[PDB]
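Novice: If you scroll down you'll find the structure; I have some questions about it.
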Amino acid sequence: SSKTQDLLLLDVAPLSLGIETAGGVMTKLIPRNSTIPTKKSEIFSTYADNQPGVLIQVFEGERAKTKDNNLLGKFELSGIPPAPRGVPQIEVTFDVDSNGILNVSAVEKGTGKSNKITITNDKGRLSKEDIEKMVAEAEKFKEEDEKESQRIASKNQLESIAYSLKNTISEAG
């Protein structure tokens, strides 16, 4: 029931809020320990040409790989003019207000479309265990997870459609 109610100390983001980028790369916009309100806007590009829209899948957590991240929700902005990967500029704004409600707005600068979703910190999104897990795991594999992001490099992307493919055979490395 948390929208005009409280939870103990929602001043800072308990985990980093961001998106998944194609490949299982977690792109962080609002970091943990960052005191809200905080609105972060970045212009992302979709890694696909002839796209009909973009999908913004919101993930929370500290991992480099989105599989250890919490899925908050997603919204599909459909009806974007089919064009090359980086022709439509989609500015994805994570606007987290003081109540900890994450409003993710995606604004497409090419045609001028905009779509936003209201993701509130209300559900058993994380348990107290989950929060500590994601924090601890990223700290635990502090070298590995940062190298993941750095070796993959491909982040700050948007997907036109949910690819939903990993194909983890021998996983990765």
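Going through the structure tokens in order, the chains are called A, B, and so on, while each chain numbers its residues from 1 and the ligands are numbered from 1 in the order shown.
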Write out as a list in words the residues lying within 7 Å of residue A:41, counting only C-alpha atoms and excluding same-chain residues fewer than 4 positions away.

Specialist: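 Near neighbours after the sequence-gap exclusion: residues 91, 92, 93 and 94 of chain A.
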
Novice: Please, could you write that set of residues out with N, CA and C atoms as an mmCIF file, in the first residue's frame?

Specialist:
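Done, and the output landed in again_4.cif:
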data_model
loop_
_atom_site.group_PDB
_atom_site.id
_atom_site.type_symbol
_atom_site.label_atom_id
_atom_site.label_comp_id
_atom_site.auth_asym_id
_atom_site.auth_seq_id
_atom_site.Cartn_x
_atom_site.Cartn_y
_atom_site.Cartn_z
ATOM 1 N N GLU A 91 14.979 9.315 -25.448
ATOM 2 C CA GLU A 91 15.453 9.771 -24.182
ATOM 3 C C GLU A 91 14.646 9.077 -23.117
ATOM 4 N N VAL A 92 15.296 8.235 -22.372
ATOM 5 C CA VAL A 92 14.658 7.498 -21.330
ATOM 6 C C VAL A 92 14.966 8.161 -20.005
ATOM 7 N N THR A 93 13.953 8.713 -19.449
ATOM 8 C CA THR A 93 13.995 9.413 -18.222
ATOM 9 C C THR A 93 13.478 8.550 -17.075
ATOM 10 N N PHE A 94 14.332 8.292 -16.131
ATOM 11 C CA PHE A 94 13.947 7.664 -14.901
ATOM 12 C C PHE A 94 13.703 8.770 -13.912
#

Novice: Tell me which protein, DNA and RNA residues are within 7 Å of residue A:26, counting only C-alpha atoms, leaving out same-chain ones fewer than 5 positions away, and put them as a list in words.

Specialist: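 Listed by chain and then number, they are residues 18, 19, 20, 21, 63, 64, 65 and 66 of chain A.
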
Novice: For a quick check of understanding, using only C-alpha atoms, which of A:97, A:108, A:62, A:146 has the smallest distance to residue A:131?

Specialist: A:62

Novice: Between atom CA of residue A:156 and atom CA of residue A:46, what is the distance in Å, rounded to a tenth?

Specialist: 8.7 Å

Novice: Which of stretch 67-108 of chain A end up as strand (DSSP E) when DSSP is run on this backbone - answer as a ChimeraX atom specification?

Specialist: /A:70-78,90-96,101-108

Novice: For those residues, write N, CA, C and O atoms to a file as an mmCIF file, in the first residue's frame.

Specialist:
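Now in selection_28.cif:
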data_model
loop_
_atom_site.group_PDB
_atom_site.id
_atom_site.type_symbol
_atom_site.label_atom_id
_atom_site.label_comp_id
_atom_site.auth_asym_id
_atom_site.auth_seq_id
_atom_site.Cartn_x
_atom_site.Cartn_y
_atom_site.Cartn_z
ATOM 1 N N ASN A 70 16.184 -7.604 -10.565
ATOM 2 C CA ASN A 70 14.759 -7.627 -10.331
ATOM 3 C C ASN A 70 14.068 -6.944 -11.486
ATOM 4 O O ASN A 70 14.492 -5.869 -11.917
ATOM 5 N N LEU A 71 13.054 -7.563 -12.009
ATOM 6 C CA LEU A 71 12.284 -6.972 -13.073
ATOM 7 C C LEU A 71 11.155 -6.161 -12.464
ATOM 8 O O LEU A 71 10.293 -6.707 -11.757
ATOM 9 N N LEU A 72 11.176 -4.873 -12.690
ATOM 10 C CA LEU A 72 10.158 -4.003 -12.143
ATOM 11 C C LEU A 72 8.950 -3.963 -13.045
ATOM 12 O O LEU A 72 7.810 -3.943 -12.579
ATOM 13 N N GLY A 73 9.210 -3.948 -14.318
ATOM 14 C CA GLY A 73 8.181 -3.919 -15.302
ATOM 15 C C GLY A 73 8.758 -3.430 -16.585
ATOM 16 O O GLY A 73 9.967 -3.152 -16.645
ATOM 17 N N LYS A 74 7.963 -3.328 -17.605
ATOM 18 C CA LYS A 74 8.435 -2.817 -18.850
ATOM 19 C C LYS A 74 7.306 -2.128 -19.573
ATOM 20 O O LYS A 74 6.129 -2.355 -19.266
ATOM 21 N N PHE A 75 7.649 -1.309 -20.517
ATOM 22 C CA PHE A 75 6.673 -0.682 -21.352
ATOM 23 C C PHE A 75 7.202 -0.621 -22.761
ATOM 24 O O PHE A 75 8.405 -0.400 -22.989
ATOM 25 N N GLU A 76 6.341 -0.862 -23.680
ATOM 26 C CA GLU A 76 6.676 -0.883 -25.066
ATOM 27 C C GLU A 76 6.169 0.390 -25.702
ATOM 28 O O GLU A 76 4.977 0.707 -25.602
ATOM 29 N N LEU A 77 7.048 1.144 -26.298
ATOM 30 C CA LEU A 77 6.638 2.326 -27.003
ATOM 31 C C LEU A 77 6.585 1.899 -28.443
ATOM 32 O O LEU A 77 7.623 1.679 -29.073
ATOM 33 N N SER A 78 5.414 1.743 -28.935
ATOM 34 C CA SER A 78 5.206 1.241 -30.243
ATOM 35 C C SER A 78 4.704 2.332 -31.168
ATOM 36 O O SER A 78 4.010 3.262 -30.732
ATOM 37 N N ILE A 90 15.768 8.165 -28.412
ATOM 38 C CA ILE A 90 14.828 7.915 -27.354
ATOM 39 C C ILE A 90 15.461 8.266 -26.029
ATOM 40 O O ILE A 90 16.397 7.610 -25.570
ATOM 41 N N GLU A 91 14.979 9.315 -25.448
ATOM 42 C CA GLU A 91 15.453 9.771 -24.182
ATOM 43 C C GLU A 91 14.646 9.077 -23.117
ATOM 44 O O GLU A 91 13.428 9.268 -23.029
ATOM 45 N N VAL A 92 15.296 8.235 -22.372
ATOM 46 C CA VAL A 92 14.658 7.498 -21.330
ATOM 47 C C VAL A 92 14.966 8.161 -20.005
ATOM 48 O O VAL A 92 16.123 8.212 -19.557
ATOM 49 N N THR A 93 13.953 8.713 -19.449
ATOM 50 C CA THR A 93 13.995 9.413 -18.222
ATOM 51 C C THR A 93 13.478 8.550 -17.075
ATOM 52 O O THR A 93 12.323 8.107 -17.083
ATOM 53 N N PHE A 94 14.332 8.292 -16.131
ATOM 54 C CA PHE A 94 13.947 7.664 -14.901
ATOM 55 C C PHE A 94 13.703 8.770 -13.912
ATOM 56 O O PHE A 94 14.644 9.399 -13.446
ATOM 57 N N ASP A 95 12.465 9.037 -13.636
ATOM 58 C CA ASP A 95 12.110 10.089 -12.713
ATOM 59 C C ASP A 95 11.607 9.465 -11.434
ATOM 60 O O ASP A 95 10.481 8.952 -11.383
ATOM 61 N N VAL A 96 12.461 9.418 -10.440
ATOM 62 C CA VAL A 96 12.109 8.840 -9.158
ATOM 63 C C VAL A 96 11.825 9.963 -8.197
ATOM 64 O O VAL A 96 12.737 10.736 -7.859
ATOM 65 N N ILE A 101 8.669 6.600 -6.233
ATOM 66 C CA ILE A 101 7.915 6.127 -7.357
ATOM 67 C C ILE A 101 8.684 6.441 -8.627
ATOM 68 O O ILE A 101 9.017 7.600 -8.907
ATOM 69 N N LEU A 102 8.993 5.409 -9.352
ATOM 70 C CA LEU A 102 9.767 5.498 -10.544
ATOM 71 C C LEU A 102 8.876 5.678 -11.751
ATOM 72 O O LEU A 102 8.116 4.787 -12.130
ATOM 73 N N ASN A 103 8.945 6.816 -12.331
ATOM 74 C CA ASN A 103 8.230 7.068 -13.539
ATOM 75 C C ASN A 103 9.219 7.055 -14.658
ATOM 76 O O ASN A 103 10.102 7.913 -14.732
ATOM 77 N N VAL A 104 9.111 6.077 -15.507
ATOM 78 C CA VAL A 104 10.040 5.942 -16.598
ATOM 79 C C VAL A 104 9.387 6.474 -17.834
ATOM 80 O O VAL A 104 8.364 5.961 -18.262
ATOM 81 N N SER A 105 9.951 7.509 -18.375
ATOM 82 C CA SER A 105 9.411 8.148 -19.539
ATOM 83 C C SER A 105 10.358 7.958 -20.706
ATOM 84 O O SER A 105 11.536 8.206 -20.580
ATOM 85 N N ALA A 106 9.856 7.502 -21.802
ATOM 86 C CA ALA A 106 10.648 7.384 -22.988
ATOM 87 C C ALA A 106 10.123 8.368 -23.993
ATOM 88 O O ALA A 106 8.932 8.347 -24.335
ATOM 89 N N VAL A 107 10.974 9.240 -24.431
ATOM 90 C CA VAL A 107 10.603 10.262 -25.371
ATOM 91 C C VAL A 107 11.415 10.105 -26.646
ATOM 92 O O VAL A 107 12.642 10.155 -26.624
ATOM 93 N N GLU A 108 10.725 9.927 -27.722
ATOM 94 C CA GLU A 108 11.296 9.726 -29.023
ATOM 95 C C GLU A 108 11.351 11.116 -29.721
ATOM 96 O O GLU A 108 10.320 11.744 -29.948
#

Novice: Would you please work out which residue, of A:85, A:147, A:141, A:114, is nearest to residue A:48 when using only C-alpha atoms?

Specialist: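 For residue A:48, the nearest of the candidates is A:85.
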
Novice: Find, counting only C-alpha atoms, the residue in A:5, A:69, A:98, A:164 that gets nearest to residue A:34.

Specialist: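 Checking each candidate against residue A:34, we get A:98 as the closest.
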
Novice: Between A:158, A:30, A:56, A:13, which residue has the minimum interatomic distance to residue A:89, considering only C-alpha atoms?

Specialist: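 The closest residue to residue A:89 is A:158.
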
Novice: Could you jot down the atom CA of residue A:149 to atom CA of residue A:87 separation for me, Å, one decimal place?

Specialist: 24.9 Å

Novice: Under the rule that only C-alpha atoms are counted, which of A:130, A:139, A:22, A:121 is the nearest residue to residue A:6?

Specialist: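 Of all the options, A:121 lies closest to residue A:6.
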
Novice: What is the atom CA of residue A:99-atom CA of residue A:123 distance in Å, reported with one decimal?

Specialist: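 Value for the atom CA of residue A:99-atom CA of residue A:123 distance: 14.2 Å.
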
Novice: Between A:159, A:1, A:25, A:144, which one has atoms that come closest to residue A:173, using only C-alpha atoms?

Specialist: A:144

Novice: So which residues touch residue A:100 within 12 Å, counting only C-alpha atoms, skipping near sequence neighbours fewer than 4 positions away, as a short mmCIF file (atom, residue, chain, number, x, y, z; two decimals) with N, CA, C and O atoms, in the first residue's frame?

Specialist:
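This went into out_39.cif:
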data_model
loop_
_atom_site.label_atom_id
_atom_site.label_comp_id
_atom_site.auth_asym_id
_atom_site.auth_seq_id
_atom_site.Cartn_x
_atom_site.Cartn_y
_atom_site.Cartn_z
N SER A 2 2.06 1.19 -0.62
CA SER A 2 2.99 2.29 -0.58
C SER A 2 2.95 3.17 -1.85
O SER A 2 3.52 2.82 -2.89
N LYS A 3 2.19 4.25 -1.78
CA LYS A 3 2.18 5.27 -2.83
C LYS A 3 2.08 6.68 -2.20
O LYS A 3 2.65 7.65 -2.69
N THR A 4 1.33 6.77 -1.11
CA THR A 4 1.24 7.96 -0.28
C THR A 4 1.44 7.53 1.17
O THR A 4 1.01 8.18 2.12
N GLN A 5 2.12 6.41 1.31
CA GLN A 5 2.47 5.83 2.59
C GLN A 5 3.96 5.67 2.63
O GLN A 5 4.65 6.14 1.72
N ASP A 6 4.48 5.01 3.63
CA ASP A 6 5.92 4.91 3.77
C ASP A 6 6.35 3.48 3.91
O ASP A 6 5.55 2.56 4.06
N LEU A 7 7.63 3.35 3.88
CA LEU A 7 8.39 2.18 4.21
C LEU A 7 9.57 2.80 4.91
O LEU A 7 9.83 4.00 4.68
N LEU A 8 10.26 2.09 5.74
CA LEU A 8 11.31 2.71 6.53
C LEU A 8 12.51 3.15 5.70
O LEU A 8 13.28 2.32 5.20
N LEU A 9 12.62 4.47 5.53
CA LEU A 9 13.74 5.14 4.89
C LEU A 9 13.89 4.84 3.40
O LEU A 9 14.72 4.02 3.00
N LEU A 10 13.07 5.49 2.60
CA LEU A 10 13.09 5.36 1.15
C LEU A 10 13.78 6.56 0.54
O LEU A 10 13.48 6.96 -0.57
N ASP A 11 14.73 7.11 1.27
CA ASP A 11 15.41 8.33 0.86
C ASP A 11 16.40 8.02 -0.23
O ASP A 11 16.64 8.84 -1.12
N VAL A 12 16.97 6.85 -0.17
CA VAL A 12 17.95 6.44 -1.13
C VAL A 12 17.46 5.22 -1.87
O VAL A 12 16.65 4.46 -1.34
N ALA A 13 17.91 5.07 -3.09
CA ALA A 13 17.60 3.89 -3.86
C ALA A 13 18.29 2.67 -3.22
O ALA A 13 19.52 2.69 -3.01
N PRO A 14 17.51 1.62 -2.85
CA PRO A 14 18.04 0.41 -2.22
C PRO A 14 18.91 -0.40 -3.18
O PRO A 14 19.79 -1.14 -2.74
N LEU A 15 18.65 -0.24 -4.45
CA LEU A 15 19.36 -0.91 -5.51
C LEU A 15 19.36 0.00 -6.70
O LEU A 15 18.54 0.94 -6.75
N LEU A 17 18.61 1.30 -10.30
CA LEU A 17 17.50 1.21 -11.22
C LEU A 17 18.02 1.47 -12.60
O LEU A 17 18.76 2.45 -12.83
N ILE A 30 19.91 5.09 -12.02
CA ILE A 30 19.79 5.57 -10.66
C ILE A 30 20.54 4.58 -9.78
O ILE A 30 20.10 3.46 -9.64
N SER A 34 21.95 6.65 -3.75
CA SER A 34 21.63 7.91 -4.32
C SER A 34 20.27 8.38 -3.79
O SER A 34 19.24 7.69 -3.94
N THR A 35 20.30 9.50 -3.10
CA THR A 35 19.16 10.08 -2.47
C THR A 35 18.21 10.73 -3.49
O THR A 35 18.61 11.62 -4.25
N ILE A 36 16.97 10.30 -3.47
CA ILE A 36 15.94 10.83 -4.35
C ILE A 36 15.21 12.03 -3.70
O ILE A 36 15.33 12.22 -2.47
N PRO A 37 14.44 12.87 -4.45
CA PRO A 37 14.14 12.72 -5.91
C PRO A 37 15.37 12.80 -6.83
O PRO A 37 16.32 13.55 -6.57
N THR A 38 15.36 11.97 -7.84
CA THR A 38 16.39 11.96 -8.84
C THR A 38 15.79 11.58 -10.18
O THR A 38 15.17 10.51 -10.32
N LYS A 39 15.90 12.46 -11.12
CA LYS A 39 15.45 12.23 -12.46
C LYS A 39 16.67 12.13 -13.35
O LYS A 39 17.47 13.07 -13.42
N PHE A 94 14.33 8.29 -16.13
CA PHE A 94 13.95 7.66 -14.90
C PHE A 94 13.70 8.77 -13.91
O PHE A 94 14.64 9.40 -13.45
N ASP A 95 12.46 9.04 -13.64
CA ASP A 95 12.11 10.09 -12.71
C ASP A 95 11.61 9.47 -11.43
O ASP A 95 10.48 8.95 -11.38
N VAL A 96 12.46 9.42 -10.44
CA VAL A 96 12.11 8.84 -9.16
C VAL A 96 11.83 9.96 -8.20
O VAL A 96 12.74 10.74 -7.86
N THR A 118 4.29 4.15 -14.75
CA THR A 118 4.45 4.42 -13.36
C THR A 118 4.79 3.12 -12.62
O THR A 118 3.96 2.20 -12.53
N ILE A 119 6.01 3.03 -12.15
CA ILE A 119 6.47 1.89 -11.41
C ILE A 119 6.72 2.32 -9.96
O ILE A 119 7.66 3.04 -9.67
N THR A 120 5.86 1.92 -9.08
CA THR A 120 6.00 2.28 -7.71
C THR A 120 6.67 1.15 -6.93
O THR A 120 6.57 -0.03 -7.31
N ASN A 121 7.35 1.51 -5.87
CA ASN A 121 8.13 0.59 -5.04
C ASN A 121 7.22 -0.28 -4.13
O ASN A 121 7.61 -0.69 -3.04
N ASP A 122 6.12 -0.71 -4.67
CA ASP A 122 5.09 -1.35 -3.90
C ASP A 122 4.74 -2.67 -4.46
O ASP A 122 4.17 -2.76 -5.53
#

Novice: Using DSSP on the backbone, list every residue of stretch 6-172 of chain A that comes out as alpha helix (DSSP H), and give them as a list in words.

Specialist: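 Result set for stretch 6-172 of chain A (alpha helix (DSSP H)): residues 128, 129, 130, 131, 132, 133, 134, 135, 136, 137, 138, 139, 140, 142, 143, 144, 145, 146, 147, 148, 149, 150, 151 and 152 of chain A.
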
Novice: Would you mind exporting the chosen residues as an mmCIF file, in the first residue's frame, restricted to C-alpha atoms?

Specialist:
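File written: again35.cif
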data_model
loop_
_atom_site.group_PDB
_atom_site.id
_atom_site.type_symbol
_atom_site.label_atom_id
_atom_site.label_comp_id
_atom_site.auth_asym_id
_atom_site.auth_seq_id
_atom_site.Cartn_x
_atom_site.Cartn_y
_atom_site.Cartn_z
ATOM 1 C CA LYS A 128 15.373 -7.535 2.771
ATOM 2 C CA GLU A 129 17.420 -10.575 1.716
ATOM 3 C CA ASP A 130 17.260 -9.627 -2.040
ATOM 4 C CA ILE A 131 18.527 -6.114 -1.432
ATOM 5 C CA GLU A 132 21.510 -7.375 0.476
ATOM 6 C CA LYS A 133 22.041 -10.200 -2.071
ATOM 7 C CA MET A 134 22.375 -7.961 -5.053
ATOM 8 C CA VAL A 135 24.562 -5.554 -3.150
ATOM 9 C CA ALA A 136 26.684 -8.369 -1.724
ATOM 10 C CA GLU A 137 26.995 -10.301 -4.985
ATOM 11 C CA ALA A 138 28.193 -7.229 -6.880
ATOM 12 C CA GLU A 139 30.654 -6.530 -4.092
ATOM 13 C CA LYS A 140 31.571 -10.222 -3.945
ATOM 14 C CA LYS A 142 33.539 -6.836 -7.677
ATOM 15 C CA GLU A 143 36.197 -7.548 -10.237
ATOM 16 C CA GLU A 144 34.197 -9.902 -12.410
ATOM 17 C CA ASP A 145 30.978 -7.868 -12.735
ATOM 18 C CA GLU A 146 32.720 -4.612 -13.586
ATOM 19 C CA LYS A 147 34.874 -6.449 -16.132
ATOM 20 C CA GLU A 148 31.648 -7.896 -17.538
ATOM 21 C CA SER A 149 30.297 -4.443 -18.279
ATOM 22 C CA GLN A 150 33.675 -3.329 -19.593
ATOM 23 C CA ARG A 151 34.344 -6.392 -21.762
ATOM 24 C CA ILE A 152 30.852 -6.469 -23.214
#
